[PDB]
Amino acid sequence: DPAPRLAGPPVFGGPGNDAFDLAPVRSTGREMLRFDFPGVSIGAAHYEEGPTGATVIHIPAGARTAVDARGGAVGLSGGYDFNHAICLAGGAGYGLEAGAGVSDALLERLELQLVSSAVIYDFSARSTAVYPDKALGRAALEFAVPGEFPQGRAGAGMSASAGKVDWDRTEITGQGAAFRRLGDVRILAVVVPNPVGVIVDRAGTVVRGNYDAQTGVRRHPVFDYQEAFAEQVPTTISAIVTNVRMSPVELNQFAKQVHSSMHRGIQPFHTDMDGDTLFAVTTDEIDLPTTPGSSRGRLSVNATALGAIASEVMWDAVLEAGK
């Protein structure tokens, strides 16, 4: 039963990028997750003037990627099946410019450097028109370090929010990550939930979004929706990074499986008002065995198994963003 973080009403018409001399800030969030995943670095930067920001996953060697993009409001750039970086940002479609800043910083750091970017609309959660721009994307890349992720209000999660049946009940989320290692297998989940729905934990409790100040209690949106019909008639952007070799077909199905699994932690999900986008990335370092047997079952070591495990890592990340 966490304390509320109501976004409150936006005032539109606020100052935009041209009104400020905008200084990138390295985002530290509420706490740092530390993880051991060689070849994967994360940077996050924000403008306090927004507040809004960008988070970048940099895999310098390049990595095979599948994109699973769902619903009616997707704002995506690049979308390559091979990337050196994934950039997530606020600022709606304007924030895609941060990915150009990353592409720039990748050149300066130096044949094509490939960056895929996705965004959330975060303007209703604040009272300015500031967006992540080329300078902020460059900063995020420059700030990237191995094995750290800033949880909470950091990078793209600065002004992310959940539970949009009515904006009077919408709460600020954050960004979240989680990491697991099993033998040599490594899985990192990164998520920026800006859902129309709410964040739900494994017991079914609504933990962020749709908080009613009149009652002090969060509701699952379906209870509002059903009563609304009875009376009247008559986006999340995310990445899963692993080191297990998967074919293009396996990686694409893995992406779909993990992305669907997020309707456990975010409800509703994949709605017409969401543009949910998941990047599944593999560093292609570890082979799955040629046969899928173990003591735990004849069909227990395969890409479906990896998908189920990664789905748990992603639910933990979603809960970190909502914490």
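The first residue of the shown sequence is 1; numbering continues from there.
Chemist: If you count the residues of the deposited sequence that sit between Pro234 and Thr235 but have no coordinates, do you get none, 1 to 3, 4 to 9, or 10 or more?
Modeler: Missing in between: 4 to 9 residues.
Chemist: Count, per the entry, the deposited residues between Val217 and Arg218 that are not modelled, and return the matching class: none, 1 to 3, 4 to 9, or 10 or more.
Modeler: Gap between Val217 and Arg218: none.
Chemist: Averaging C-alpha B-factors over each stretch, which comes out higher, 309 to 317 or 20 to 28?
Modeler: Comparing 309 to 317 with 20 to 28, the higher average CA B-factor belongs to 20 to 28.
Chemist: Out of 288 to 296 and 50 to 58, which stretch has the higher average CA B-factor listed in the record?
Modeler: Higher mean C-alpha B-factor in the PDB entry: 288 to 296.
Chemist: When the CA B-factors of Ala100, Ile86, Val119, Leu188 are compared as recorded in the entry, which is the largest?
Modeler: Result of the comparison over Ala100, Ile86, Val119, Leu188: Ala100.
Chemist: Just the C-alpha B-factor column, please: which of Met262, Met273, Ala45, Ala255 has the biggest number?
Modeler: Max CA B-factor in the entry, restricted to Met262, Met273, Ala45, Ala255: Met273.
Chemist: Split into thirds by Cα B-factor across the chain's modelled residues, where does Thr205 land: lowest, middle or highest?
Modeler: According to the entry, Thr205 has a C-alpha B-factor in the chain's middle third.
Chemist: Can you tell me whether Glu171 has a C-alpha B-factor in the lowest, middle or highest third compared with the other modelled residues of the same chain?
Modeler: Lowest third of the chain for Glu171's C-alpha B-factor.
Chemist: Against its chain's modelled residues, does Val222's Cα B factor rank lowest, middle or highest third?
Modeler: Lowest third, going by the recorded CA B-factors of the chain.
Chemist: Going by the recorded CA B-factors, say which third of the chain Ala69 sits in, lowest, middle or highest.
Modeler: Its C-alpha B-factor, which the entry lists for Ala69, ranks in the highest third among residues of this chain.
Chemist: Sorting by Cα B-factor within the chain, modelled residues only, which third would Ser161 end up in: lowest, middle or highest?
Modeler: CA B-factor rank for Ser161: lowest third.
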